[PDB]
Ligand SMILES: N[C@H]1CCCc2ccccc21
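Form solved without the ligand, single chain, as structure tokens, below.
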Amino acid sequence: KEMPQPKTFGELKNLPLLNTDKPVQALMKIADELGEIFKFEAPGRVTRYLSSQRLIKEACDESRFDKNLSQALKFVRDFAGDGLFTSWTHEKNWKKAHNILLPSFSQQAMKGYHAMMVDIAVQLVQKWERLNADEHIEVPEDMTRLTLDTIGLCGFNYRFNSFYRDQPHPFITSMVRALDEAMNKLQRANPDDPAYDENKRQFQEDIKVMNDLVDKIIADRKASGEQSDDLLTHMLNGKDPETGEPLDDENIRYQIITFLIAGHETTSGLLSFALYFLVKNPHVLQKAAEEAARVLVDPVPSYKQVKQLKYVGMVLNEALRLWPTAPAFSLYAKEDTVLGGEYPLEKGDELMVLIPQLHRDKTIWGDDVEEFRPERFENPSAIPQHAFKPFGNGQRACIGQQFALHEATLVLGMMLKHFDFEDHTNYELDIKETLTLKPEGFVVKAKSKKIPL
């Protein structure tokens, strides 16, 4: 069958469709119009966007397809290097780093990160306890303070001290401006127009800021000998069981930059969306708050208690269904192959998985796909294979999944234990797009229940 394609712009093909502040949402709209698969061309580029479980289940067969670096990831690679997120599966450092780091990101490993995750969570709760009666919370702003600080502390025992600032730490200034440049480059017609020379100079300066802080951190740890409960420790001492080799200091730097990227707004977005859905769905808020009160019986939550928050976990999954904060990933065909019995592909041909659209497949979820219903996830094994992919696919799935969900469950549980929430402005969802998604301008008021820490 002949593949549908959206509107074109003469010799720029489909490229100006991405010249928008909200490209994911635009692509979602195209999928609604065109269906489960459409072709997208640009000068020198062809991809196919997939939206249905039927076709994505095939895309997710690792014998047939492998992770591709999207143009976005190729631009992120200029500062994330051959870290896990921006390496090809066949590069030696991918499987080396993968083997070394997998045990440090397991569910068992979360027991050892718990104490420092509580450190930052308590900082958030204390900030909100200390607000005056008149005052509101800037939700994505505070969630990002929390998630960045947690990965800094758990990852390399570095305190960004985001709750002590209005101005982001200079590393985060540089990282955010670099991520912005990478996303802004995708859209651009004539990349080497003199107009973008300033952009390029700033890009190089921000890479240097990031490299300088992180390489100093790594060198300070090597020159101290100190052993922490952190990823930097394990990367400095660990050996890949397969090659017998450690990571070198340049790759360790790339992994740290990678983890700081993920721990920024990709993780903070999940919390911001979950609180959005909770204040728009009071009966769901009631259930989640009741669970928190019943389960979190101590001033300091334990690891075991966070595992006990089943309903809180269901809320977070349902927020990942509607607004997966890392909303796409890319694949390539390893050999010539036919997709869904209808769409012949050549070796090297690219696919893109539009995760928010996969998660609105009515043939899987039913017609009420836009509703916020945590009960969809009461039993994980009711969900068909390959229907729910907020953390990607296969050996190239998110290594930080257990970390992100432990942190999110802890924090959301403590927020629900300690405060009542009010959508005082009747907030209208407005999703800003960077590398990730977030509900821009989302504000609430938090009335303390006056329960001691």
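We call the rigid core whatever largest set of C-alpha positions still superposes within 1.5 Å between the two forms. Each residue number is its position in the shown sequence, starting from 1.
The higher RMS C-alpha distance to the shown form in 9 other deposited structures of this protein, out of 239 to 247 and 198 to 206, belongs to 198 to 206, with every structure fitted on the core.
Stretch comparison, 228 to 236 versus 296 to 304: after rigid core superposition, larger RMS CA deviation in 9 other deposited structures of this protein is found for 228 to 236. The stretch 158 to 166 shows the higher mean C-alpha B-factor when 158 to 166 is compared against 274 to 282 in the entry. Two stretches are in play, 299 to 307 and 209 to 217, and the higher mean C-alpha B-factor belongs to 209 to 217. The PDB entry assigns the greatest CA B-factor among 204, 150, 268, 317 to 204. Of the candidates 196, 323, 377, 75, the deposited coordinates give 196 the top C-alpha B factor.
Residue 45: CA B factor lies in the highest third for its chain, per the PDB record.
In the deposited entry, the Cα temperature factor of residue 84 sits in the bottom third of values across the chain's modelled residues. In the PDB entry, a CA B factor belonging to the middle third of its chain's modelled residues is recorded for residue 35. In the PDB entry, residue 339 places in the highest third of its chain by CA B-factor. Ranked against the other modelled residues of its chain, the C-alpha B-factor of residue 175 as given in the entry falls in the highest third.
Here the subject shifts to the form deposited with the ligand bound, a form of this protein not shown in this document.
Taken together, 145, 167 and 172 are fully in contact with the ligand in the entry with it bound: each brings a heavy atom within 4.5 Å. Using a 4.5 Å cutoff between non-hydrogen atoms, residue 359 does not count as a contact of the ligand in the entry with it bound. Contact check for residue 264: a heavy atom falls within 4.5 Å of the ligand in the entry with it bound.
Shown alone here, residue 251 lies farther than 4.5 Å from the ligand in the entry with it bound, counting heavy atoms only. In the entry with it bound, none of the heavy atoms of residue 245 sits within 4.5 Å of a heavy atom of the ligand. For the candidate set 78, 141, 119, 129, a heavy atom within 4.5 Å of the ligand in the entry with it bound is found for exactly one residue, namely 141.
Of the candidate stretches 304 to 312, 275 to 283, 220 to 228, 157 to 165, only 157 to 165 has residues with heavy atoms within 4.5 Å of the ligand in the entry with it bound.
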